[PDB]
Every structure is written in C-alpha cells, then in structure tokens.
C-alpha cells in the first residue's frame, strides 16, 4: 500500500500532546493541502481560522465542552462554511445571492468543510503530527461567532486540533465492510452485522480499560443520539442570514 493509503489506513486520533509548537512551514502545508482539495463549483466555501493564542484557545476549549486536548495543543484550526466570498462575488457582478435562502447552501458548506478537514488531516498526520476534529464547536456556536468575529453567511462547522503527539494511541475498529459498502442498491440486512461489531467493540473497550468498561458501539451511540444534543444549530444558521425552503 502507498504512503498516501498508509496515512489514511493507519489513522488514530490523539488527545495527548506535547509543549512543542507547530511551525509555520507545517501550518502553510496543512492550509495549502486543504485548499488543493475539490470544492462544489470551485466556489471554495471553506474558511480556516488558526488559533494559537492560549487565552482565545482556552475560551474555545470551554465552549466545545471543556476538552483538555484543545488547550493542550499549540494550534486549533476552525473550518467554517463561507458564503461571504460568494456575497462579495455577487456584489462585484451586480447579482443577488439566492443560494443562502435554501438548504442546499447548508449541505454545500458542510460537505466542503468535511473535504477540507480530511485533506488537512492526511497532510498533518503524514508530517508526523496528531489530529482530532472538534464537532463540539456547535455546542455554543453563537459565542463562537462572537469570538472569531464571523460575518453574515459564515458558520462554524468543525474544529481540528493540530499538535505534536506524546502518545501513539490505538486504532478504533470500524464497521464491517458489508455494512458500509452496499453494491448497486441499499442493503437493509444490517442488524446481524451491527450485533457482530458490538461483540468486537465490547472486547476492544475491555482491553482498552483493562476490563473496566464493557461499552459496545450501539450502546455509546444510542446514548448521545437519544436526544437533540445541540439545540442552537438552527439559531446559528438563522443568525448568519441562512433561510430554508419549506
């Protein structure tokens, strides 16, 4: 398998970091690789905010749910869906901005930010660094907008903790190929596959905690998806000037 494939295949997210600062040469490579990725209609609907200042990064850590790894790492990247450039583009050509009144602008912005994050991940991890995305930036997103001074048509999607690792960690097992990859049409027989994966996941958790926790995949997923954990999501989009087509 190629160095590119071995960077993706050997993926492990880390929460343990060193005092070692991320150099500007490393950051520029992470931003250039993220920009190099594909974007819907070459509109490049992703804005990246680099937070290195401890005080600001501490506020971001608390607003994401007091995650120790955010304040631990020297650099915290923030992937925002950006339609402000599309607004400047429309103003330059005396045209209105219609897309932001539909749910498509939300789907375009979120999908593009996921593409940019993964490119930033594969670039950073190939350099020897450790990454962990922070989807928790949508916990208190109105406070995130105020902090990062986000204008109209810009919304925070996910964060990304970039730093030098202190621990190698362990690869979390993934769902069986047959459960994720469906040939030609959708495969509805997935219950047995989820049951077999839960058995493998309970054994993984057991070996990870030294027989302290028996948490399977279905257990830990259903506990958080039991409710609407992030209520301020619609309030965040409606504040930035995004509307929907009922």
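Numbering follows the first chain given and starts at 1.
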Segment of higher mean CA temperature factor, 173-181 or 209-217: 209-217
Quick one: say whether 140-148 or 160-168 has the higher mean Cα B-factor in the deposited entry. 160-168
Name the residue from 115, 80, 134, 73 with the greatest C-alpha temperature factor listed in the entry. 73
Entry-reported Cα temperature factor of residue 37, expressed as the chain third it lands in: lowest
Comparing against every modelled residue in the chain, figure out the third that the C-alpha B-factor of residue 99 lands in (lowest, middle or highest). middle
Residue 4 by Cα B-factor - lowest, middle or highest third of the modelled chain: middle
Select lowest, middle or highest to describe the third in which the CA B-factor of residue 187 falls within its chain in this entry. highest
Taking only the Cα B-factors deposited for this chain, tell me whether residue 22 sits in the lowest, middle or highest third. highest
